[PDB]
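Here we start with a single chain on its own, the form deposited in one PDB entry, put down as structure tokens.
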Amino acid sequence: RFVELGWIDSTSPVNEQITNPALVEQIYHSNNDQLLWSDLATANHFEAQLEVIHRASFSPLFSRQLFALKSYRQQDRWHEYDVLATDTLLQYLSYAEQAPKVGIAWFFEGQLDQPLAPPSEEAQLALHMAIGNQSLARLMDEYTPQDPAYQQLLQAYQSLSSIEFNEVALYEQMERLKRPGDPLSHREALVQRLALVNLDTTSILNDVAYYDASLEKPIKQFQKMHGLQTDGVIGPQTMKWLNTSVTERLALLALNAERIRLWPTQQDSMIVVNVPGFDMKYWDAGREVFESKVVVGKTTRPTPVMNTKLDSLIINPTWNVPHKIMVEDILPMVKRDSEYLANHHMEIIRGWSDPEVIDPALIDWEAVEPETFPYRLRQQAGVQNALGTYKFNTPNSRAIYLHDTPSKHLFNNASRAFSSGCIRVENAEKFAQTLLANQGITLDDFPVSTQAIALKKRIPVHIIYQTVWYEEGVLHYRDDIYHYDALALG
């Protein structure tokens, strides 16, 4: 009924499957009712690009279209294929344009289940042109992030895609742990599985019945690759990653490539925190000037994906204990431990406006119900302050900022989801120094007390969620700390 095309019949399912009949009609008329997709290499390139979106499991919309396309192809229904491909490429183009704007909706909040708006005029133009110059492939590639980050993940996806269904024995072992020097049953499976992730297995010795030196370094860099303690020990966490299928790895790659559409371009001066990587990097004038491990929010108080700017830096910050924390977390502990306040250098304050220190002794602690308790808590400046020596002020509606910690031992863990959402920074001192250097700010000597310092040039802070990324020659994988890789894996 609905698609007014001469060479498509009325009862074809394409009439219901198509999103923008109007715009498809126009394109086909402008090209004298000719097929855009009769070149195989071109259809295959576009089916490949939709497999990616399929595996990433974030768009039932594109999955529907791909199944339908793949179904028209198996039956040699090349007229129906042609028109549905054209409609689906319009969607791909809306998708390419909209993700950086509003893609947070599809990858974190909800999903791309409903047809997108048509693409911009600029895009419809580029398409018309591509149709005439027989360069649809170039058009699709042009509408992928021109980011080496993207292309490195796609390169790896393409390699692994080539060997998806090569069966490879599951790596097994007798005991839950297995240390250098122990007997080793399944050496073949283990080495095959180190190879899957393109670790160099060439120097590993053959048919040695034990976990020898030749295996230590490959195992330790497989561990590093997966952000695990490089202890050399084949335990459950190692085996989880060793024994992941190529299907599972391609899904991780797919999701993480598509996620790079969200991440806001790249700036010369910029700060990136990768949550599941529990790390962060400060670029300034094209240069990586600083990197550091961080602690991010716990699963229950997660660090959200967001973009803000670093406005100012506080040296020797006092910590104004927010209400929610005082009421639930702190007052009930001072109600029992009558030494809490003094140990944590935490003084009682009339109000944030009226900063009068009240001695804890002037208070009927039996009498206090935390919910209604009328004064406020303020931790004095110091090394043992919850914010340590440095607060990094990133003002935003969610009250998330970067700060030093006194609990520097927590950086020793592989998995660093301990905070109430804020981001604790190892080597805050160096971070402070490089910021001030690159702002053209000097300090005649280190301040006695609390010092606010506004940045001349505010830096964008991007907090991303990236479970796969390319860095110094190699592809890193990380556990799905906050469960957003959920659908990709099954």
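The first residue of the shown sequence is 1; numbering continues from there.
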Checklist outcome for this item: Of 329-337 vs 156-164, the stretch with the larger average CA B-factor in the entry is 329-337
Checklist entry - What stretch has the higher average Cα B-factor here, 122-130 or 242-250? => result 122-130
Checklist outcome for this item: From the entry's CA B-factor values, the highest among 266, 86, 94, 203 is 266
Checklist entry - When the CA B-factors of 309, 293, 350, 220 are compared as recorded in the entry, which is the largest? => result 350
Item to check | Within-chain third of residue 396 by Cα B-factor, per the entry | outcome: middle
Checklist entry - Sorting the chain's CA B-factors, does residue 425 end up in the lowest, middle or highest third? => result lowest
Checklist entry - In terms of the CA temperature factor given in the entry, to which third of its chain does residue 173 belong: lowest, middle or highest? => result middle
Next on the checklist: Lowest, middle or highest third: which one holds residue 472 when the chain's residues are ordered by CA B-factor from the entry?
Outcome noted: middle
Checklist outcome for this item: Quick tally, chain-level thirds of C-alpha B-factors: residue 456 sits in the highest
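What follows is about the form deposited in another entry, which we do not show.
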Checklist entry - Are residue 313 and residue 423 assigned to a single rigid part between the shown form and the other one? => result yes
